[PDB]
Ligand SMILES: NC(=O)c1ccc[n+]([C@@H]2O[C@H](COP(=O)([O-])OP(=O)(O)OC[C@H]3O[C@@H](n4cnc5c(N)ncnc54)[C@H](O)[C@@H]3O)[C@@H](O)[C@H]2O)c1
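Only one chain is shown below, in structure tokens, and it's the form solved without the ligand.
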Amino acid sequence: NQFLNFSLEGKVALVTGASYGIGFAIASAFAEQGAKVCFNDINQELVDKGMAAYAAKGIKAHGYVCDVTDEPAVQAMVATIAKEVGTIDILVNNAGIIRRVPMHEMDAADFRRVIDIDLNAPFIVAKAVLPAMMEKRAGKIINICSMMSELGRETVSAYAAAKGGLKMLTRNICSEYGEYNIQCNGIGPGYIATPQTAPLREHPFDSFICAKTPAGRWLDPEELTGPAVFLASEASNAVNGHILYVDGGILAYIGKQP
């Protein structure tokens, strides 16, 4: 029953920037579902750290040093993967940065670097994997979007612009490459409880998040892996050009009032 197939068995998956964090969680989940998982990071130490962490979880991953804004390096990475592992079946554009600076104070170079990593690079990696997917008439591209794909906030103009950009990039890849049985979709994460934010739950910030979220809690990073597996599997083949928000209800809710 292809329609209820949530297995990724035998599929080759590349998740960018997945030496740790949400990418690592999504890639580990793909491995658990039978996928052959690949990732990149920016230096050998991070990739080494990534590889060992995967290996400690019983996952033989394939790790590459690669800057996702450098198209020659990206193409060579995809070329290798295709030869050593298999042509990429599943791409997750996960690698990303954030800056927090008032827009009117932000250096032009810094705004452009946010756009370059968070919007231009997803296009580059997508472009690199699409020939082989078109050829096989099968492929999944998942763009890690954001609540900032929909809503703005002070200090994050460049990130919001990038993420709003990525959303339309998802819809365009759907429109342009859908006819090849390629599905390009988005995940928009809510507020994820990462180790770094632990002191914000030790709390006024915690109260604000909990009040804002119908579910009344932060999300565990692993709560994104179910959505990620779904979009990467045959079960979601008719889902295309869609941003799947995983936010515990935030974007649906006007908020808890006093």
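Numbering starts at 1 and runs along the sequence shown.
The form solved in complex with the ligand exists for this protein as well; it is not shown, and the discussion that follows is about that form.
The closest non-hydrogen atom of residue 189 lies within 4.5 Å of the ligand in the deposited bound form.
Put simply, residue 76 is far from the ligand in the deposited bound form: not one heavy atom of it is within 4.5 Å. With a 4.5 Å cutoff on heavy atoms, residue 159 counts as touching the ligand in the deposited bound form. In the deposited bound form, none of the heavy atoms of residue 142 sits within 4.5 Å of a heavy atom of the ligand. Stretch-level contact check against the ligand in the deposited bound form with heavy atoms at 4.5 Å: of 64-72, 206-214, 27-35, 226-234, the positive one is 64-72. Heavy atoms of every residue among 19, 40 and 95 are located within 4.5 Å of the ligand in the deposited bound form. For the options 117, 169, 81, 126, the residue carrying a heavy atom within 4.5 angstroms of the ligand in the deposited bound form is 117. 46 is the sole member of 59, 52, 200, 46 with a non-hydrogen atom lying within 4.5 angstroms of the ligand in the deposited bound form.
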